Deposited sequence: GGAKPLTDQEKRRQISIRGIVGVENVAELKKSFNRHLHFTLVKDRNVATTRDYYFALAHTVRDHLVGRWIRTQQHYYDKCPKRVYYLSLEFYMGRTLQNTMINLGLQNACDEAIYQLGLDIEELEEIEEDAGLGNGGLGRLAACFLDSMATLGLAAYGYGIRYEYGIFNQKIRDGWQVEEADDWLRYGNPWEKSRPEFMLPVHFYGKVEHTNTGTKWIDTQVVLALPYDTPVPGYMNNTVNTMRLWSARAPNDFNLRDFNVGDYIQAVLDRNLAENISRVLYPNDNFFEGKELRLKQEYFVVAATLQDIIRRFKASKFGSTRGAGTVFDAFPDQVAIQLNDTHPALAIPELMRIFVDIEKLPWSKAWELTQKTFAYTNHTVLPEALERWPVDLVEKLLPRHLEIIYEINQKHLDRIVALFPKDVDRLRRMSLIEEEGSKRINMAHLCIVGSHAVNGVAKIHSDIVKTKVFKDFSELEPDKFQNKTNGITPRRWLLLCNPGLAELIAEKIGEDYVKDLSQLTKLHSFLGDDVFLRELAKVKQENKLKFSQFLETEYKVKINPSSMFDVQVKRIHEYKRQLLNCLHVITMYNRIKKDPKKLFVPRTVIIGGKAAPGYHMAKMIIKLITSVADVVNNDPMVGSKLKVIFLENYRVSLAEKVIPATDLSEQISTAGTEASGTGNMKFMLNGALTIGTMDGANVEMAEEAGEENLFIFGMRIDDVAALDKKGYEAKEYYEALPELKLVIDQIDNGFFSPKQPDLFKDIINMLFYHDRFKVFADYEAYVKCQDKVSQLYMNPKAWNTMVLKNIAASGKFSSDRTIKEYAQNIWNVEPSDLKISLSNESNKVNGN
């Protein structure tokens, strides 16, 4: 990275200070005598952005000059977090900027903390897109992310009287120094209208128009010359009763990009959401085609622009089914506008698109009513019906007698209200389909889409998820990054598999102590934060037991809560008995319409109030509901964690990525054999994780036999006490019936079988406590996790997409 001492190094810092002062003066228009911390943040942000402009421009020129095949990552979500520190690190500028800011008499941490998260995602899906952008830039791929510039991202969460409340995430209030508005590149998007079938062919007419205006954010590679782009579209009314009302009604078009739908793993079939999906797809495809036509591969024949080489120059990855409309939109452009024959257009379409499936939970599946699609996108409905007809004609030819197979494989679900199965659309319109962990990809291929995989074996793949070690180690845990570098060099950042070199320090007491010291420093720093936000006295010798992720029945924060109450009851039963102290932290947002998740939050805060204030418990056990969990807060809590809770019901968590973050940062994992937890066990050795509970076949057996929650309740005395306390008002004395809905769910409607894993979970937790009392054995197991975490770099993931799906090479 850029030097700070010596002749040149002194000048580097000098220039940065000069640029900072120039921005404060000319850009912010403030004298130092009236400037605030926020002004200083913005002055530094502009200074840092200026430092990547040369590479950003040169990267665009390079892609134009050499025509590498381009990768377009199309997603409704990019969960980017804060940009300042990540950019400084990737540009090799952090040391120099740190020094400049220090010499100016300012506190760099304070400036960095001013920045709002770009919270343009819900959880793992959106964050995967963000990690992927970093990795694709670091590997030199010609890759752009395309999404929506929501005016409001994921809501800011507060807790009031123990319940979640939502506030608007007004992240653009003070502006965004990391985007460049580019209205000259605006493109039209059409809605409603009708289809006309005339002598000149099929026309989509009488439509309403909304403009898509792009905003570009730079995506710097780690220590290279690549600066890629994230292009996010914002909706505007076209410029073309009551004049005043007509002007105000421009708000209706602009509402398309107003707010991120705050649902994680849950389908809500709202018209505004469908508009968002078509909006991002239509603007993105027009932009991609425009760039292709301007490129050196752009050429024209009698029949118009030649698209033969389009899939040799363009790969589009569909992040879940949310941008599934890209398939019929590309066909619409090829057939209605460019006049290609259907067969040729369909062939080009399949070669262009690949689809990533991110969940098998039924409630998450996009099934759009046909009548809604007919109203909003009539031509796309026609095109989808035609795709389905030609799809089913092939199936009839292959399997003349199998009538049910046609029903199973149709893109249309015909019962009651007819709906479009967007996953089926994505499968037939793409050349590759992948899941996000071995266990999940297998379920996708061999169970959920069995009929499709049988006819096209080689279509279905696995690409196990990953995380970027820039944000999720170098940035969030500089202490650990430094320790690792001291022992094995700094080449691990670009090749994370080099972490296996840490195995040379097995049995090295000095290293095991240094590792523990890093964790302790992180815990002390985070404990400062906790004690300023919450009325709690944190026991500094306690095990930090952490479950942070979106609040879900399938992720089973509720199971964790049952264990918290169990520990509480053991303490009250035997005050003098040995207890390994814990700070139990549970955090995450509930989708605002998700009743059971909101009840689970209230249960946790209610339990916390009892546990934290019981003088017989004291420093043995404290419980924190960590508010407003999001990317920047994840960067704080993850490095401070000793035990990572990854306890989804086997078969429900497609991959997980929080699990990987915790593993890389020195926490041990308690979890089920679900998602990538299975592969973490493969890499580190199963005995080096705290694995428990039903596996996917055990869940299947219990489903076959039939799940009777009451049997576990009657059989397990400790469970009985916990449940009776919750049901009878022990945790809600002013409102004894408060948790009725949770009890009813647990006993009669628990699709995720909390009680069935309780016994194994509590036994497993007891083993965790035992190991924690032996620091040498604890930290030895930690070392074995960190040293085996290399597979989970998103650089590895991206190389696999590049080689086996996109057909592009790292550069």
Sequence order list of spans that the model leaves without C-alpha positions, deposited numbering: 1-13, 254-261, 833-848
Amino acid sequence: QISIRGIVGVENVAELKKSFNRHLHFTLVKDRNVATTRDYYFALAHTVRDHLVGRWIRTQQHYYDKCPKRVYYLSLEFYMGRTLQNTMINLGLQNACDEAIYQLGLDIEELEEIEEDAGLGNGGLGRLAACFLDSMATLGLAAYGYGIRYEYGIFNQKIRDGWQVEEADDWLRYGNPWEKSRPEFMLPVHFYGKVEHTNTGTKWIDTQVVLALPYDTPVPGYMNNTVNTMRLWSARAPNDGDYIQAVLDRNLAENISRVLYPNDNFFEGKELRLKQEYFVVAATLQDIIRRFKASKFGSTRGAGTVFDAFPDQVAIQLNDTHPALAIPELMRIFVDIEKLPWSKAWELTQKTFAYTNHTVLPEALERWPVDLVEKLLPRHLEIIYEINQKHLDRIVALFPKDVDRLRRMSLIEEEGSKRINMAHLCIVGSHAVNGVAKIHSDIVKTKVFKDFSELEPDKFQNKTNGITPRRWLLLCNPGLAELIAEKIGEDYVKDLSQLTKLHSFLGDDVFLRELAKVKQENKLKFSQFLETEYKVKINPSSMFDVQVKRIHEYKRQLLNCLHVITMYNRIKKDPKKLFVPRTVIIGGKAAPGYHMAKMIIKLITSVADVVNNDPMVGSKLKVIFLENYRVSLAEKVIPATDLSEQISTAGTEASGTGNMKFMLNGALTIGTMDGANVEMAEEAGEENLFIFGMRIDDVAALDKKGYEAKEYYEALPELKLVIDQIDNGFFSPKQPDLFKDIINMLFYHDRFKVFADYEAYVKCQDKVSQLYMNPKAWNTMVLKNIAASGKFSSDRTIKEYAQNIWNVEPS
From here on, numbers count along this sequence of modelled residues.
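Just so we're on the same page, rigid core means the largest C-alpha set that superposes within 1.5 Å between forms.
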Stretch farther from the shown model on average in 7 other deposited structures of this protein, with CA RMS computed after core superposition (373-381, 214-222): 373-381
Farther-lying stretch by C-alpha RMS in 7 other deposited structures of this protein, rigid core as reference, of 251-259 and 133-141: 251-259
Missing coords for residue 476 in a third or more of other PDB entries: no
Gap at residue 300 across at least one third of the other PDB entries: yes
Mean Cα B-factor comparison, 41-49 or 743-751, giving the higher one as deposited: 743-751
Mean C-alpha temperature factor, higher of 147-155 and 410-418: 410-418
Top Cα B factor in the deposited entry, candidates 594, 355, 713, 185: 713
Identity of residue with top Cα B-factor, from 116, 254, 77, 242: 242
Residue 736 - Cα temperature factor, lowest/middle/highest third of chain: highest
Modelled-residue ranking by C-alpha temperature factor, third containing residue 26: lowest
For residue 798, the third of its chain into which the C-alpha B factor falls: lowest
Lowest, middle or highest third - CA B-factor, residue 61: middle
B-factor third for the C-alpha atom of residue 337 within its chain: middle
